[PDB]
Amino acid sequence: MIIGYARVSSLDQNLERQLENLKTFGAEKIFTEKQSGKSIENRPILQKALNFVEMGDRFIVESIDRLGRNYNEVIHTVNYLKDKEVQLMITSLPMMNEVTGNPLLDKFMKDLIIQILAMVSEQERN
């Protein structure tokens, strides 16, 4: 199945765009939430969403910053899905998942990319 997760710190942000952008990439069931991306511990909707998907499903976010503005927690979450055999996918970056160059180098590539975005997320909340 294809699960999506949205998030907004306020209604100042365009959430209809965000939700529509998810459904564009085949978002089947979407878990919406309203909270600052400062931590997951206070985000139960995400905890439920992460617990919903099982071996085979796909996780969709509009961006890593929508997942969380916390390098430690995001990368920890990305590893959780990775271990749970659930492909994380980002709509803003619809190429990161395609690459068929070299299996080893493709894993390393994706890791660095997610790590870089995860950093900018926590660096930007400042």
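Note that residue numbering follows the sequence shown and begins at 1.
Asker: Mean Cα B factor from the PDB record: higher for 90-98, or higher for 33-41?
Answerer: Averaging CA B-factors over each stretch, the winner is 33-41.
Asker: Of 43-51 and 60-68, which one has the bigger average CA B-factor?
Answerer: Averaging CA B-factors over each stretch, the winner is 43-51.
Asker: Rank-wise, by C-alpha B-factor, drop residue 119 into the lowest, middle or highest third of its chain.
Answerer: Highest third, going by the recorded CA B-factors of the chain.
Asker: Check where residue 105 lands among this chain's C-alpha B-factors and tell me if it's the lowest, middle or highest third.
Answerer: Ranked within chain, residue 105 CA B lands in the middle tercile.
Asker: Classify residue 19 as lowest, middle or highest third according to the C-alpha B-factor given in the PDB entry, relative to its own chain.
Answerer: Ranked within chain, residue 19 CA B lands in the middle tercile.
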